[PDB]
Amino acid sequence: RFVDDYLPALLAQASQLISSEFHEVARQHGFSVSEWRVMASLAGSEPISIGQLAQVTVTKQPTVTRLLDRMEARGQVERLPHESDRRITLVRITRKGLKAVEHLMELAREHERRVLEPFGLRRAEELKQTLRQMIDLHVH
């Protein structure tokens, strides 16, 4: 069975299953999946470019731009010029956005702890380290 041990299929299924669990919680708290991904990805961050945000939220950049249009209208994020090279727009979370997602972020930490608890701290840290190294090797 080709797919049983094919890495991209394993990553895709694990990602879908784990994310879908928490996305149900996010929607019960009034967030769409894309709104949660953006706010979670900007929380605690310096301003980042739209392109960086699209990568970390695994969302196409034109979709991110339309999303930021309405989230900025709601005062949850702010777009800013890149002071130097100004073909680049930066984006940050506002205080209003952070307060809006703070409780959901604690629920997200609790869900993650539950997902990882059966594996133990060693295997959990290994997994996160390998995933981080893979991302940094393949990000364009």
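Numbering starts at 1 and runs along the sequence shown.
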property	result
Residue gap status of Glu35, at least a third of other entries	no
Missing-residue flag, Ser84, threshold a third of other entries	yes
Entry-level comparison of average CA B-factors, 80 to 88 and 66 to 74, reporting the higher stretch	80 to 88
Mean temperature factor over C-alpha atoms, higher-scoring stretch between 123 to 131 and 9 to 17	123 to 131
Given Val58, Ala40, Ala100, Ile93, the residue at which the Cα B factor reaches its maximum	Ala100
Among modelled residues of the same chain, the CA temperature factor third for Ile48	highest
